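All values below come from the heavy atoms of this structure, side chains included, with hydrogens, waters and symmetry mates left out. Both ligands and their constituent atoms are indexed starting at 1 by order of listing. Numbers here simply count residues along the sequence, with the first being 1.
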Amino acid sequence: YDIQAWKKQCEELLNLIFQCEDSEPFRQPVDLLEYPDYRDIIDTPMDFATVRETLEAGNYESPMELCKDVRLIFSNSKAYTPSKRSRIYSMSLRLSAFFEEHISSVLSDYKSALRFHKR
Ligand SMILES: Cc1n[nH]cc1CNc1ccccc1F
C-alpha cells in the first residue's frame, strides 16, 4: 500500500550493489582518459554513483525511472564491449541478473500501491 516505500528499498539495493565486487567498473562515470572514444560510442553515460545521487536528490519520481537508468548502465556496457566474453561485460551480466532479481518486487509493490491509490 505504501507509495513511497520504493525509495528506501532502492537505497538498500544500491548499498548491496556497491558492496558487490562486480559493481566496481560501474560505480563512477567512465574516465575518458582511460577510454578516449567512449563518447563516440555512448550517447548517455550512466553509473551507480549518479543513480544514487539522483535518488538522494529526490530526482526520481518512481522506481521505474531508477530502473531505466540502471538498465542504461548495462546497455552501455553491452554497447561498448569489444566482445561478449570481455571481463567488464561479464561482470555487467552478473550484476544485471542480481539487480533484476531484486528490483522485481520493488516495481511490483510500487505499481500495486499506486493502483490501490487510484482505485
Ligand atoms: C563501464 C566501464 N567501466 N570500466 C570501463 C568501462 C567502459 N565499458 C567497457 C569497457 C570494456 C569492456 C566492457 C565494457 F562495457
Notebook entry, point to check: Which hydrophobic side chains are connected to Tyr89, either touching it within the sub-4.5 Å cutoff or through other members that do?
Noted result: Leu93
Note to self: side-chain hydrogen bond (donor to acceptor under 3.5 Å, both in side chains), that's the test. Do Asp40 and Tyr35 meet it? Break it down for me.
What the structure shows: CA-CA 10 Å; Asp40 299 337; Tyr35 304 92; over 6 Å; no
Margin query: Holding to ring-ring contact (aromatic ring centres under 6.0 Å, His included), I want the full list of residues that pass it with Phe18, two or more places apart in sequence or in another chain.
Written below: none
Margin query: Taking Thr44's backbone N and O only, do any of them form a donor-acceptor pair with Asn76's side chain (distance below 3.5 Å, no angle check)?
Written below: yes
Side-chain polar contacts of residues 101-112 - donor-acceptor pairs under 3.5 angstrom, sequence neighbours left out - could you list them?
residue, atom, partner, partner atom, Å
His102, ND1, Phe98, O, 2.8
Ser108, OG, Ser104, O, 3.1

Margin query: Ignoring hydrogens, what is the shortest heavy-atom contact between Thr54 and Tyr60? Give both atom names and the distance.
Written below: CG2-CZ, 3.5 Å
Please tabulate, line by line, the atom pairs linking an N/O of ligand 1 to a protein N/O at a distance below 3.5 Å, with the distance in Å to 0.1, or answer 'none'.
residue, atom, partner, partner atom, Å
ligand 1, 3 (N), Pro25, O, 2.7

